[PDB]
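A short write-up of the structure that comes next.
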Amino acid sequence: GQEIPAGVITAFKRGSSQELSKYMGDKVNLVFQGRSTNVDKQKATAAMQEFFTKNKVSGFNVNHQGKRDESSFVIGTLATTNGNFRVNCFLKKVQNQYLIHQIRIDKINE
Numbered sequence: 000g022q023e024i025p026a027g028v029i030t031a032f033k034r035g036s037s038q039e040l041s042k043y044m045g046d047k048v049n050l051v052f053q054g055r056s057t058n059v060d061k062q063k064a065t066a067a068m069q070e071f072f073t074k075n076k077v078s079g080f081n082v083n084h085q086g087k088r089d090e091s092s093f094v095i096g097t098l099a100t101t102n103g104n105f106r107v108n109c110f111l112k113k114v115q116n117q118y119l120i121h122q123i124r125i126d127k128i129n130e
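Next up, the structure:
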């Protein structure tokens with residue numbers, strides 16, 4: 000739906037940085053193992069492309085989705101060749117669409 025576009029979920033299922041880029045805000049706070057780097061859309065897309073190449077994705081399960089006013093989130097588990105990662109995406113309404121402004125990715129147990 022509007023708050024969590026199906027395409028965001030499909031992008032993660034496919035390990036597609038190019039699909040994901042469609043839903044990114046002008047700046048995205050990427051958090052890998054707790055280190056935050058707030059970068060522009062192009063650099064965020066490149067960082068996700070590297071992440072998806074290093075850790076080849078076989079699937080993505082959505083665990084939770086939600087909304088609070090003009091903010092939304094989706095939390096899921098990404099299965100990869102190097103194990104599972106929890107993905108936490110935070111979106112906010114910009115004009116008439118919800119765009120990703122933070123992606124936190126943490127390596128988790130199987």
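In the authors' numbering, the protein residues as written are 0, 22 to 130.
Beta carbons: idealized from backbone N, C-alpha and C, even for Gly.
C-alpha distance - residue i paired with residue j, whole-angstrom precision
i      : j      : result
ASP46  : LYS61  : 5 Å
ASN108 : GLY86  : 11 Å
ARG124 : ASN116 : 24 Å
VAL28  : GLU70  : 18 Å
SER41  : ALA31  : 9 Å
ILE24  : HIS121 : 13 Å
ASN102 : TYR118 : 30 Å
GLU130 : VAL59  : 30 Å
Bridge partners - residue i, DSSP secondary structure assignment
i      : result
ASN49  : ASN58, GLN122
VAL77  : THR100
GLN85  : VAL94
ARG34  : DSSP, once it has assigned bridges, lists no residue as partnering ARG34.
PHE110 : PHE93, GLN122
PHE105 : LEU98, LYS127
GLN117 : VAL114
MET44  : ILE120
Neighbourhood of residue i by C-beta distance below 6 Å, restricted to the same chain and skipping five residues each side
i      : result
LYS113 : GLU90
Own chain residues within Cβ distance below 8 Å of residue i, not counting five before or after
i     : result
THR97 : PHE80, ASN81, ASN83, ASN104, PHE105, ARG106, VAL107, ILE128
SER56 : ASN49, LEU50
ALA99 : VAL77, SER78, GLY79, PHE80, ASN81
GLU39 : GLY27, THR30, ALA31
Residues of its chain near residue i, where Cβ-Cβ distance is below 7 Å and the 5 sequence neighbours each way are ignored
i     : result
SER37 : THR65, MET68, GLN69, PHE72
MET44 : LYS61, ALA64, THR65, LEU119, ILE120
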